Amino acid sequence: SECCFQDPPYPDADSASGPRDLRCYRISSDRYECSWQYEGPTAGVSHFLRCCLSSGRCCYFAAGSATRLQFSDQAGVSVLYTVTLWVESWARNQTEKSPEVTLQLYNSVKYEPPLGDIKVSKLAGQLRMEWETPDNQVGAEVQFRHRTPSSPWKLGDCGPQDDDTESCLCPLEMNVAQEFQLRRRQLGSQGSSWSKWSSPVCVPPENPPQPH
């Protein structure tokens, strides 16, 4: 993969569908990976990873239908200094853009949600979740989302974390089933993107409605 420092072969975007959740990180001594998702039907859609250097020079990788792409530090993209990255999709005769991500790629780590046991218990009128920190990922911003069978996802903040274990306080609803998920973001100044959501924490109702 070489980043092509030319005008992209399509017009600029002028849509409800499109690419989103761009995550870029280093994966080895000299290789990097960007990952994203696409909202909407994927038929005939292709993706381009865009990059602008601080000098204003910009380039693109053509990814085809893939939603993930790897490149080395010889691809023309600076990794030691800050760059700006985003995804453009050619879909149904129109260009669509993701939000940008501004980061120093060399210090950007692939952060992951809790992967394994998530302990859940009651603390006063809240739920407390606790998990062991993913290896070599100490230091994180952590968010949760929660829902009930009827309600949609509502997002929340767990606060910053700095230890071998991490925790979160969440709303407790005794009379309905609850589902929670957790995601983690790298701390620091180099730039960060949210990890994927963890597997669910499922908390059945302790006082479900009863006949009288």
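Numbering starts at 1 and runs along the sequence shown.
Across the two stretches, 47-55 and 147-155, the PDB entry reports the greater mean Cα temperature factor for 147-155.
Relative to its counterpart among 113-121 and 71-79, 113-121 has the higher mean temperature factor, C-alpha atoms as listed in the PDB entry. Remark: of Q181, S65, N175, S28, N175 shows the highest value [criterion: C-alpha B-factor in the PDB entry]. When all modelled residues of the chain are sorted by CA temperature factor, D7 is found within the middle third. When the modelled residues of the chain are ordered by C-alpha B-factor, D163 sits in the highest third. The deposited CA B-factor of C202 belongs to the lowest third of values across its chain. Split the chain's modelled residues into thirds by C-alpha temperature factor. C170 is in the middle one. When the modelled residues of the chain are ordered by C-alpha B-factor, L103 sits in the lowest third.
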